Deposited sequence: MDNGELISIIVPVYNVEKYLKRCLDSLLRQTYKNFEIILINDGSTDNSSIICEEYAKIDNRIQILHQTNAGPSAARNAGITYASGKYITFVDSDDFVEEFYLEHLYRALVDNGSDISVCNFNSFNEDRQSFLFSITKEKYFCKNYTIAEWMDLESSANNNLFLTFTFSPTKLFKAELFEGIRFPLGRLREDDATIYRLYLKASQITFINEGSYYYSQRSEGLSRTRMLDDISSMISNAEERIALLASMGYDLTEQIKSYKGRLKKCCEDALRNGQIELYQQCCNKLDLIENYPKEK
């Protein structure tokens, strides 16, 4: 099959990196490159990266001065030469059929993007949580409009579990020096697609063991864009009000006083001064 570029930012993940990389090299889909972006790690991560590159030529390492998760992913996008691009966090790990299932779902359906789900691995108790079961499996093709009504963490704020045509990345980059960088970026990729295929299987494992300002501004930017493009706003509005409520309280708890004022005011307007 055609080349898939797997972008893996690496920053101080010495405990988890080998499990991640082992799960990737065992992929049943063979035609991939793994772009490891070592973002200036200060533990053994960089040495682990180098050792893995020595035994599999599909691994390419990029060492860079520490610049954040956004910069690391952008470097990956730049270096990628695949027809498709996908992200894996170096904290996490996948089933051996992960890539193949994503690839088939995309290509067989003529979609521009395929997306799967994730199950959880609790590091503290070394136990899986199989939230997504075989009996609950489904697959569906979605228009962008149908897609934008749908799990909000999975869909909008989590960069892995998703296979993208590389062409979709024209003009699209993660925002620098900013957390919730996934929240600000992934949905812009969806907006460039014509069809998206979702497979409800937890083939990606999320290892289970911030930025209030971005939480709010990401949601505002996204509402403005969707509104300008003619998409329905109902769910984003619900999401936005929920974030404002969290921001209002947490900003105050964190001594982020100007942010607290803004969020409480916005919440006050929405709840107490709606139209009519």
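- Counting the deposited sequence from 1, the stretches lacking C-alpha coordinates are 1-3, 154-159, 219-228, 296.
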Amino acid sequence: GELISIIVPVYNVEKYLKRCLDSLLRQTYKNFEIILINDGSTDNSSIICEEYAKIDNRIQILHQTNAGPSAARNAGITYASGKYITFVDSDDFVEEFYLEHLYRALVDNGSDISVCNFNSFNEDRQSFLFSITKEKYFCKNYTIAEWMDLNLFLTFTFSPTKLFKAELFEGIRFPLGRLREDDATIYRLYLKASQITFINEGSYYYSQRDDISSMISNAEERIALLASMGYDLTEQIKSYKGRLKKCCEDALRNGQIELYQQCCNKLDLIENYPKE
From here on, numbers count along this sequence of modelled residues.
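- In this entry, 135-143 shows the higher mean Cα temperature factor of the pair 135-143 and 158-166.
- Of the two stretches examined, 46-54 and 220-228, the record assigns the greater average C-alpha temperature factor to 46-54.
- Taking the deposited Cα B-factors for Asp89, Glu100, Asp183, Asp149, the highest one is held by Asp149.
- Looking only at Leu191, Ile172, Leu176, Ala72, the residue with the top Cα B factor in the deposited structure is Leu176.
- Among all modelled residues in this chain, the alpha-carbon of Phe121 has a temperature factor (C-alpha) in the middle third.
- Placement of the Cα temperature factor of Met215 within the chain: middle third of the modelled residues, per the deposited record.
- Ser114 sits in the lowest third of its chain by CA B factor, as recorded in the PDB entry.
- Ranked by C-alpha B-factor against the other modelled residues of its chain, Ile59 falls in the highest third.
- Placement of the Cα temperature factor of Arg243 within the chain: lowest third of the modelled residues, per the deposited record.
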